Each structure stands twice: as C-alpha cells, then as structure tokens.
Amino acid sequence: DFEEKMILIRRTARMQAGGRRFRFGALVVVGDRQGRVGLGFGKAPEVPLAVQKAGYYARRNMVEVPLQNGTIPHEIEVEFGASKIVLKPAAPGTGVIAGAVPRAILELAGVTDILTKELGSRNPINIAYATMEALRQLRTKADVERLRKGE
Amino acid sequence: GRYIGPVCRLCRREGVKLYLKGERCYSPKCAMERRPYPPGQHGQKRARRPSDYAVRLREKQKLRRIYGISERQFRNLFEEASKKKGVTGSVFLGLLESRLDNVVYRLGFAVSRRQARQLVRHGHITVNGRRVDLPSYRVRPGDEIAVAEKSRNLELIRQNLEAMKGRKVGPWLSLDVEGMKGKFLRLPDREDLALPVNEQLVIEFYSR
Amino acid sequence: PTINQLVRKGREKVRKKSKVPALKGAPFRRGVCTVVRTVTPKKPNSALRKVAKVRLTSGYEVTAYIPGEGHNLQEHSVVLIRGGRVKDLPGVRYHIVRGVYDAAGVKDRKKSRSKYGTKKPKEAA
Amino acid sequence: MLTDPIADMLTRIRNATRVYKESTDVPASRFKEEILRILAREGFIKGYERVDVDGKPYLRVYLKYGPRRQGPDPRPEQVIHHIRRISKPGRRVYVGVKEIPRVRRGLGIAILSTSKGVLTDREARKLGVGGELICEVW
Amino acid sequence: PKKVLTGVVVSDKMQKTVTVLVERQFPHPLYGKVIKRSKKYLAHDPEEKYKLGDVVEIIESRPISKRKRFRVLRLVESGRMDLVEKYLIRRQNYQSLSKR
RNA sequence: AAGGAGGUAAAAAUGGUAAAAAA
RNA sequence: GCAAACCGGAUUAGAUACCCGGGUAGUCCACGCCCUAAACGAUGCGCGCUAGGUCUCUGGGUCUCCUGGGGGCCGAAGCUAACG
RNA sequence: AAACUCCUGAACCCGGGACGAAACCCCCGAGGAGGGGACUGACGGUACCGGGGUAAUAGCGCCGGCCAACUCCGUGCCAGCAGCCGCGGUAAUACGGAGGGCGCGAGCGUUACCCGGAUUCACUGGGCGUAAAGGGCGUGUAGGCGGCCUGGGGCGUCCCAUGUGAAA
C-alpha cells in the first residue's frame, strides 16, 4: 500500500572460461506516501527476481521520519565515503527540489518542500544510503528533551 | 498562437479530457469517450516508462494547455508567481485564472476558451466599465466585468444566458442574467476551483 | 593552504586558452580557401572533407569542413568560418556555412533548410 | 604546549562523548569556566567543578548520556552531537546583530564571547550585541 | 577631521624632517583573518625635537613639501629602539635577496 | 609446529602469431 | 682483491648482453668541487586528547610489579574508496 | 481534421477626432503679491470614438543515450552524422527521404562571447600513505601564531546616536 518506486537496476557481470555471466541488482525505494520509508537493493541472477526481492529488503529495512508540516526538522550534512548529501528543510512553495535519488526517497517519504544539494561522489548507491541516514538522523524538540532533559 | 487546429488532439495527448472545444468536447466525445488515448502512429503501442522529469514536463504542458496559452507569457507570469509572495504554485493558479479570458469562461459567458478569446478581444466583454480588449487582463477583488451594449442585442449571448442557468458560479464570479454583468472577488485556489493537474509537480519542473 | 598561506599566496584564477582562434569573436570569418584533400577520422570511418584554409581576414589556414555531402566550392566562396570540431579531420573547427558567398546548400534538401541552403521546397505543382 | 586550550577542552569532550566516559579532566581556566557554565545551564552537559589533580587545579566535566537505545547494541544517543571551533586562532570571527548564527535551522547552539559577556546564541540576541563567535554545538 | 596617525618615529635622517613608521591593522575582505602593514609618512620637525625611535603623533598637514606632508604635534614615548631595531634588521635582510 | 608475518637462500636452451571484428 | 669501458670465449637468427677467461678507469687516503636519488615510513614539525594485549633496547623504584623514554606486532572507537 | 452549417469580424472605406499649453505678453492694482484678457501643435485627421464590413501569412529545430518524441524505403565504412559516447562494413528507430509524433510559435535553430553547473584555486567549500602533490635533511632571519592569575588602557572587536552613501 506504500509505493514501489525503483530508481535504477544494475547489469553486473563476471568473466570466466565460460563466457561472461551477467547478474542484476535492484535499487528500490518503498515509502508509505506520508509517514515512513525503506531502502532495498536487490541482487539476483534474472532482473525481476532481484526487483521483487528488493521491494522486500526495502520493506524489511524501513525507517520513519519526523514528517511535520510536510518537512523535516533541523537540517543535516550526511557523508558516505566521498558522497555527501546536503539537506535543509524548506518553507512551503518549495517542492522536493532535489536530484533523482533524493526526490525518489523523500517523495516516498512524504517530504513536500525541501532545499537539498549533494556534494562529492554522486554514486546513486552511496547517495541513496546517504539519504536514508539523513532520515535516520533526524531529531526534534521532543527528541531534544529525551537527551536534553537530564537523567 | 494557441496551437490552432487539432485541439482536442491534446484532449487525448495528456491522457484525460478537458472542457476544450465546449459543447462537443464534453458531449459524447472530447474526441474522447469514443477512443481516448494519444494520437500518432505509436497511438497505443505499449506505454513506456516516463522519466520522472517527463511526468513533470507533461504536467506543465497539461496545465498550460487547459489554460489556453503559449508557455512564453506563461513562463513570465510563473516568475511573477515566484515574486508575488504566497505558497508559489497556489497563488500561481489563482493569478493564472484571474486572467480575463477564462474569468469570462467560468463566469458562464463564453462556452469555450477559444470562443472566449474571440469575444473578449473584440470588446464584446467590458470590464467594470470600458470594453477591455486583451484576453490577458487580470482583474481585482471587486471589479464587475460585463459585456457590450451591442451584446444584449447579441445572439449566442442569450444562448449562453438561457442554457447555463442551473449552474453555480465560481464562488467569486458574481454574474448577472438580469443585466449581463459580473463582479470579481476573492482569490480562488486548488480547491475553490479544482482541475486535474498536480501543481507542485509543475512548479518543481519549471524553475528546475 | 592553512589560512595564512591563503593570506599571502591566495589561490589562482581560471584562464581559458580558447578553442577557436578564428578569434576576435569570429563566428563567420572570411573563408577564401585553397586545396581539397581527403582525411580519415581517428580510425573507423572514411571520406574527403575539404580544406577551408580560409585565411579569414586575420590570418593562417585552418581545416574547415563543409556541411558534408556534395560540395560546390572550387576555390573561393568566402565560407563564413563557423566553428566546432569532430573526431575526424584533425581540426574540423571553423566550419563552412552553406549560404555565405557560395555553396548555397544541396538542392533536394527537404529538411535542414535552416542551414543546408534551400529557400523552401516550394512544390508549386 | 597547546596553541589553544579551549579547543582542547571541546575536543577532549568530543573524545569523552565518543567513548562514553562519565566525566573528563580539563585544564581549569576562568574563561572555560564561563563556557562550561553556559554548556551546563543551556541543556547539555552534566556539570563543571573546581577540582584538582597533582598541584594543578583542574576541572571535571561530567557528560550527559541519553536513554539506552537498541537494535544491535545501545550506543545511548549522545547529548553532544558535535562542536566546532568557529573563531579559530586564525579567524577572529566577530559576530553581532545581523551576524548571529542559527544552527539546525531552528534550534542548535552557538556561543559568542563579547564585551557584554559569554552569552548563549539567543542570549546574545536577547541583549542585542555581539563579539567573537567562539564555538558551535548541536 | 584632520586625520592623525600614531606611529613609531623612524630615522632622524634629515633636518627639520623625520620619517614616520606607521602601522595599521586590517581585516581581510575575503578570508576574515586580520593583517597589518607599515607606512612611512613625513613628520615635520623644524627643530629636531624628535629622534631615534620615539613614538610621536603626526599630522595631516599643509603640503610641507615634495611628498613631505604630515607634520607632527604631540610627542609620545621615547626609549623605543627595539621596534625600529627589528624594522632595521628586516631592511638589512631586504639587502639579503640577490639575483646578481 | 596449526597460522598470518619480519630478515637472510634455491629456483627459467629458445622464440617472432597479426587483429577490422561477435554476446 | 675487485670492476663499467675494452678485448678475447661460449651463446644465438643475430649477442655491440646475460655466463667464462683477461683487463683500465675507478672502488682506497689529503685537500677541494660537484649537491642528484625510490635522499622512501613514497607519511613536514611541534603540541593536547582517545581500549587494552603482547615481544623487547633502555633509565628509575627491594621488584609476581609499578613507572618514564624507545623499536616491533595485534587490534577499541574512529578514519580511508579500498588495501589499509 | 476537411468540405459544408451558422457566428463573429484581421485587414480595410465613410464620418467625427484629440490630450501633449499657460506662462512670457496685454491691461486692473505700481512693473510688487493677487484678477481678467489674448497668441502658441511638429507629431497627424495619427491615438482615439461611432457606423459598415471581408475567414484572411506558419513556420524552424528535434525524434539512438543525455531527453519528451518510432515504424517504412533507399544507402551498405560509400553517402554521411557528431556537443561527448558513437552511428553507416547490403535487415541503420542516428545517413537522405517519407508517414507520424515531440518541442517552439513570428518565431526557430547555429556559431560566437561571458557567468553557471564547477564544492574543477574549495572564503562558507577541498586536499598531498599507494590517485596530481611533503621540500634530501638541518639551521635559523623576517613574518605568522601563542600557557596561566590581576587590574589599568580601550587598539582591533560589538553596540548607541547622526553626516553620508545624489538621482536611476
């Protein structure tokens, strides 16, 4: 009931005295329109295998987001190796103004208005992960209390 | 110049029809009903994967097609939307419809957009007083847009009058069957008067 | 560059070395021309592709092609030195025009009228 | 030697958060006493105190550790997200009325020392002045 | 608003004329960090009331002469040397740079 | 010794095969 | 004693080379001149901070060990694109 | 879509028709402040207003990925294309042509030229184990930059009040 957007497949391969056996990966973002999301990277011989399976790795490996007023709370810089996703929440009238990976992940999330850039390696895999941790690392006033109340 | 020609050939191009040619393009076909789906050789081959940006682009086209105009001026006034503040695309749709041609349309004066442009451009439609030409003339909260002195003496004018009744105005377009007039009011939006195009997509595509 | 090195040195500007010494913003330069030749693109192709050695009104030769497919130019034409290479004819830049003071396109070009000459495929009949 | 003890304080503090270690030792100074005072009072650390190690008055700063999260291993969410030396001993980054930070487009925390004192972000705002922008934290 | 500068008097070298080693701080309209640089102006001392090193306050004056602008007024502190000393060292090291 | 590893040992009579190109 | 160049021998299609026999410059010492290098940890220096396990050069402490300086190895958290 | 059916009325005639100009000047009061009196249109019988009324120029680029738009002939590494990857070596969605579609619309494309993208001189915003890159090591001049207490100075630094930053 979520939504099963893909965002690229990989036509992998390995050689051997026996030709060159290909393979497939299925980068897939499944998010519930407004509330949560989840990423899944399929990895099978024939494509659709890896696609459905990817839907399921995504559906198992979820995570939700402080989707408030259509946006995210504070803003973050996330890095994965040489890949950096740059995220800043946006006042309405903005849009999911972002790349392909981001608008994928965040429209699957429910992010309505979002100022976002992407520095360093633009490798879609790592980038996607980076977005997923942008979600994974979002705090609010409430969250603040948990820590910044004092135990 | 408004494409001119196979118009409801786009009634099928976008996918879903629109109040376009008027009576017919709403009768048992906007060229639809009979066989709605994009024309051309590849008419029905097996619809491919529209790249996300292209869904967006097709939406832009969609909206400016129903609104009946080239995307030049449309571009300029979308920039005017960016500038004139408000949740851009909303007050955009508003300050799009505020344009006189389709003001005349939804006011129930003209049957169809093209017809509207004719009528207005020939000063058949007056605006709060002087017979304003210019299909592109935004009005203001209060102005009473009427017709011409020779319009009460005009024909399909009375057609429009009689055949329209039993149809309520866009909650700000306060007409007159009694004198052939029509006050302007508050700014409508996505819900005051709705249409089948997701605005956010349009704006996001446009300003890239 | 640790801030202080930045204060002294600073960092160096861009500089562009120009891809078209037709020069002085020359997108149409005089093309008077000489010779004809043949060439053969890095490897996997074949043809002839002119010479336009031009001389412009500035100087030098160059290798200006043509809009391909059937010439007309014998030795003049004032081909307006245009611009843009390709993985052939170790140069190709500064193209011929098809319009200019000669060439004037290919009769029967029911397409690229904007360039390859042709006023208008006026059927008449 | 040290070219800047204040930074060293902020950094050792980092280390503490990254190791999870009840409290850390720091050189006792007056300025940093003001700093860690702000830190404590502005919803953050667990406290400062005028302690002493071998003939040298030092300071023991207890670091706040949140609830034991789970999944694979706790790693109880860290009260000190991250700090940065804004006005480094290269950049005397001066801040004032329009020069005030924001941090975390909303919340966050930066502290700037001025003639009118060691004011917190919103504090420096609330009195309407400015001065050297020392360090930022989330 | 006759601009006045506070600077270290350098070299009594001329009669009725002193050189003045001024030095100003500045930011960096690109990189933030502060900087500093020396400027030698023309102190007008018609009776050699000034000498080696003694910081005085100099004045934006009538054009006294050829580049010789910037008189004096209020002497400040003497027994300076050390400053003028370092500057001197730097001068000798300017004569320590040769491609001949 | 079971392993990974840091220093000092042994170990080849011979040769030129081009290449536009398929999945 | 050795050892480029050089010669002769063996080798091969050829051997201006690898292997054998000889041999000079040099390799040595005084003074001077050159001032290059894979002059390599392929890692500028000085400082503070962050688990321990273990072999050992070393200085102190009556000493199963605590302790300050070293050269090795393994790995906390971390850090790298990966090896590391 | 067409032809047709009706409706209007680009153009274009007949008519009328400008604002753009009240001072200086003349007189009343003195030539003073104030009142009346009078000359002043290039633009152009154009803008404009009234009546009348004719269906009346549509083109350029794209359609292999980037990137929305595919089938058919000819051509067979020849002819060609090309911004980069490459496309043609006799079944080409790339070449020409043709149907159809995308786009744009009195516009369409080309080259040129600058800024962007390019966080590819990185100040927000970077790097130097093996990718471009640590000086062969020392030495130390200048410069850069500095531990901890106290108070004075208030130079940078922040703030307070104005002059100014003309118009555009």
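Sequential numbering from 1, following the chain as shown.
Per the header: X-ray crystallography, 3.5 Å.
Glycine is no exception: its Cβ is also placed from the backbone N, Cα and C atoms.
According to Swiss-Prot, the protein carries these features:
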BINDING   B:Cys8, B:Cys11, B:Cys25, B:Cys30  Zn(2+) binding site
DOMAIN    B:99-161  domain 'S4 RNA-binding'
ZN_FING   B:8-30  zinc finger
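Remote same-chain residues near the zinc finger (B:8-30) are listed as 36-39, 58, 61-62, 65-66, 111-115, 196 (criterion: CB distance under 8 Å, separation of at least six residues from the stretch ends).
Counted within 10 Å of its Cβ, the other Cβ atoms near B:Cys30 (Zn(2+) binding site) come to 23, all protein chains included. Residues within less than 8 Å, Cβ to Cβ, of B:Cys11 (Zn(2+) binding site) and separated from it by at least 6 positions along the same chain comprise B:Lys17, B:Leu18, B:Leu20, B:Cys25, B:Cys30, B:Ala31, B:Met32, B:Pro36. In the domain 'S4 RNA-binding' (B:99-161), helix, strand and coil residues by DSSP number 23 helix, 5 strand, 35 coil. Sequence-distant neighbours of B:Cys8 (Zn(2+) binding site) (same chain, six or more apart, CB under 8 Å from its CB) are B:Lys17, B:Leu20, B:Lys21, B:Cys25, B:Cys30, B:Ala31, B:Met32, listed in sequence order.
The 10 Å shell around the Cβ of B:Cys25 (Zn(2+) binding site) contains 18 further Cβ atoms across the protein chains shown.
Helix, strand and coil counts under DSSP for the zinc finger (B:8-30) come to 0 helix, 2 strand, 21 coil. In sequence order, B:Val7, B:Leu10, B:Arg12, B:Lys17, B:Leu18, B:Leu20, B:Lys21, B:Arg24, B:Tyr26, B:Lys29, B:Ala31, B:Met32 are the residues of the same chain, not among B:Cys8, B:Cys11, B:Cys25, B:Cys30, whose CB sits within 8 A of the CB centroid for the Zn(2+) site.
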